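J.: Pasting the sequence and an experimental structure:
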Amino acid sequence: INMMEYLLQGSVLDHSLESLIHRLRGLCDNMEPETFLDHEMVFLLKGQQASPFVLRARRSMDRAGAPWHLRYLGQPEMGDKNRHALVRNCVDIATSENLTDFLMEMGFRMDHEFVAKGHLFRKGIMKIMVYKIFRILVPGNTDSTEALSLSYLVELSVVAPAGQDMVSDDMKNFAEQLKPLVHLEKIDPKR
Amino acid sequence: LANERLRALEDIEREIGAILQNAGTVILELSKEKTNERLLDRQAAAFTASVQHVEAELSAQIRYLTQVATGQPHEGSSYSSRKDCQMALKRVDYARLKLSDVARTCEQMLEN
Amino acid sequence: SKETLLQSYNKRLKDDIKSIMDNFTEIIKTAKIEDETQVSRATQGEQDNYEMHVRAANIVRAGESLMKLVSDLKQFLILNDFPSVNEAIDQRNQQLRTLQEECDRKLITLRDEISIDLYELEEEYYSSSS
């Protein structure tokens, strides 16, 4: 079958992050944080059609023995079923450790890279992730990193099969539980 | 953490102090010989400073609560590690019982 | 909700503060000694004694109300304070794990000693003509 992803996004200043972490520890499940660290690449294939194909590939620099991960995300749906979150079509694949060579030989070209570092939380079927984006220059090395801004980014995500109503409502309630600190909205990828 | 409790009880102290010093002032302003008028100003200043710092502290505390309140039950807890430790203690107790029994049978064999 | 309770606390605090201040100002309002006119001296003397008595009673009631507010604030902060709760949780866990580790070490050493002797006993017993 096909799956769908519902998304909500926001940001927080980094001089008040401890209070947000304490609140998320108090609200989420009784599980210790993970502190992930991932490298990310974006591949683009430009054919005859105007819109090029785009794929994302991730890798874990912290835990050895974790397979690579592909991801493809389609255009957001304009249908008026759920109107409080980004609803998109997602396909995710676990792949062996020669992904770049095969993707290059199909015809894809790399576009840009970044490194993300942050924390991860689970609540029911909801995924909270709070991370900071870095910048990679001199693309051969992965130690030439500088911070991009003065704020962390916060994501609320739920992945579920098609249909499956009364999910955005629970996401709205959980977002409103965090209103005095972070303000999460539906925002379009365009500007 | 505990500092919050300490400050709250110190504020209790200052509440009763303000009542005491006000009673003192109104002792002074009935007696015919209200000579210590510099010290009458002293007790008026005590009234003043006391009332302001009390109200100051409570208003600050309310603001702090207005930034830490969320209206949810906070469902963390510490039960598992406590079960594990209790298990370990009764395992040691089992050991102590069996050891005493062996001790007595050896004790009775050594003695004929 | 929670905004209503906190704004109620603010209302109670400001009401009691202005009440005690207003009461003291009115005590000093009646404190001016002047000349009488058509007021029947003993009557207003007695009823001003009465008024200052009831106003001192109001002052005591104000102090007691502040005490009640302090107790309520003390109850509120401890129950809903996420940061305070976490510290207790991280200390209880650590203490319990240390105790568990000590017990496990003691049992393992005891088992090794008993095994050694157990080995010696079998050998000594199993080689006799009975």
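T.: Structure's in. What do you need? Residues are numbered from 1 along each chain as shown, chains lettered A, B, ... in the order given.
J.: what number of residues lie near the residue of chain A found nearest chain C?
T.: Residue nearest to chain C within chain A (Cβ to the nearest Cβ): residue A:26, separated by 4.2 Å. Just so you know, the C-beta spots here come from the backbone N, C-alpha and C atoms, and that holds for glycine as well. Close neighbours of residue A:26, defined as other Cβ atoms under 10 Å in any protein chain shown, add up to 19.
J.: close enough to count as contact, it and residue C:84?
T.: No: taking contacts as Cβ atoms under 8 Å, residue A:26 lies outside contact range of residue C:84: 10.9 Å.
J.: what does chain B have sitting close to chain A?
T.: Applying Cβ under 8 Å from any Cβ of the partner chain, we find that chain B lies next to chain A at B:67, B:70, B:72, B:74, B:75, B:76, B:77.
J.: Confirm the residue of chain A closest to chain C sits in a helix?
T.: Yes: with DSSP: H, G, I helix; E, B strand; the rest coil as the criterion, residue A:26 is assigned to a helix.
J.: Quick check: closest non-adjacent residue to it.
T.: With Cβ to Cβ, 6 or more residues apart in numbering or on different chains as the criterion, residue A:26 has its nearest non-adjacent residue at 4.2 Å, and that residue is residue C:82.
J.: ok so, going back, what's the spacing between the residue of chain A closest to chain C and residue A:81?
T.: Distance, residue A:26 to residue A:81, using Cβ to Cβ, to the nearest Å: 33 Å.
J.: and the residue nearest to residue A:26, what does it touch?
T.: A:22, A:23, A:25, A:26, B:68, B:70, B:74 (Cβ atoms under 8 Å, 6 or more residues apart in numbering or on different chains).
J.: same thing but at 7 Å, please
T.: A:22, A:23, A:26, B:68, B:74 (Cβ atoms under 7 Å, 6 or more residues apart in numbering or on different chains).
J.: Next, the most centrally placed residue in chain B: secondary structure please.
T.: Closest to where the C-alpha atoms of chain B average out (Cα atoms, centre = their mean) is residue B:5, at 5.0 Å. At residue B:5 the chain is in helix, as set by three-state DSSP.
J.: Name the nearest residue to it, ignoring sequence neighbours.
T.: residue C:74 (7.0 Å).
J.: In stretch A:180-191, which residues are buried?
T.: Applying a neighbour-count criterion of 16 or more other Cβ atoms under 10 Å in any protein chain shown, the buried positions in stretch A:180-191 are A:181, A:182, A:184, A:186.
J.: ugh, wrong one, stretch A:122-137
T.: A:126, A:128, A:129, A:130, A:131, A:132, A:133, A:134, A:136.
J.: That stretch near chain B at all?
T.: No: with Cβ under 7 Å from any Cβ of the partner chain as the criterion, chain B is not reached by stretch A:122-137; the gap is at least 10.4 Å.
J.: what distance separates the start and the end of stretch B:56-76?
T.: Counting by Cα to Cα, to the nearest Å, you get 34 Å between the two ends of stretch B:56-76.
J.: all helices in chain C, in order from the N-terminus.
T.: Using DSSP state H, the helices of chain C run over C:3-29, C:41-80, C:82-125.
J.: cool, and chain B?
T.: B:2-28, B:37-66, B:80-109.
J.: Put together TSV for the buried residues of stretch A:180-191, with secondary structure and distance to chain B on each row.
T.: Below are the buried residues of stretch A:180-191 laid out as TSV (DSSP: H, G, I helix; E, B strand; the rest coil; distance: Cβ to the nearest Cβ, whole Å):
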residue	secondary structure	distance to chain B
A:181	coil	9
A:182	coil	13
A:184	coil	15
A:186	coil	23
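J.: hmm, which two among the residues you listed are most spread apart?
T.: Within the buried residues of stretch A:180-191, A:181 and A:186 form the most distant pair, 18.7 Å apart (Cβ to Cβ).
J.: Single out the residue in chain A that lies closest to chain B.
T.: Taking Cβ to the nearest Cβ, chain A has residue A:26 as its residue nearest chain B, at 4.8 Å.
J.: residue boundaries of the strands in chain A?
T.: A:3-13, A:36-45, A:53-60, A:68-73, A:86-95, A:109-123, A:126-136, A:145-147, A:151-161 (DSSP state E).
J.: can you redo these as a markdown table with distance to residue A:103?
T.: Output for the strands of chain A, formatted as a markdown table (distance: least, Cβ to Cβ, whole Å):
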| stretch | distance to residue A:103 |
| --- | --- |
| strand A:3-13 | 22 |
| strand A:36-45 | 6 |
| strand A:53-60 | 7 |
| strand A:68-73 | 9 |
| strand A:86-95 | 9 |
| strand A:109-123 | 9 |
| strand A:126-136 | 18 |
| strand A:145-147 | 24 |
| strand A:151-161 | 23 |
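J.: and of the ones you listed, who's closest to residue C:115?
T.: So among these, strand A:53-60 is nearest, using Cβ to Cβ, at 44.3 Å.
J.: what angle sits between the closest one and strand A:68-73?
T.: With axes from the mean of the first three to the mean of the last three Cα atoms, to 10 degrees as the basis, strand A:53-60 and strand A:68-73 are set at 150 degrees to each other.
J.: What are the contacting residues of strand A:53-60?
T.: A:38-45, A:66, A:68-72, A:99, A:108.
J.: Using CSV, list the CA coordinates for that strand.
T.: The C-alpha coordinates for strand A:53-60 follow below in CSV (Å, rounded to 0.1, in the frame of the first residue of the first chain):
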residue,chain,number,x,y,z
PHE,A,53,13.4,14.0,-9.6
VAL,A,54,14.8,14.4,-6.1
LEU,A,55,16.0,11.9,-3.5
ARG,A,56,17.5,12.1,0.0
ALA,A,57,20.1,9.8,1.5
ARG,A,58,21.2,9.7,5.1
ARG,A,59,24.0,8.1,7.1
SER,A,60,24.7,7.8,10.8
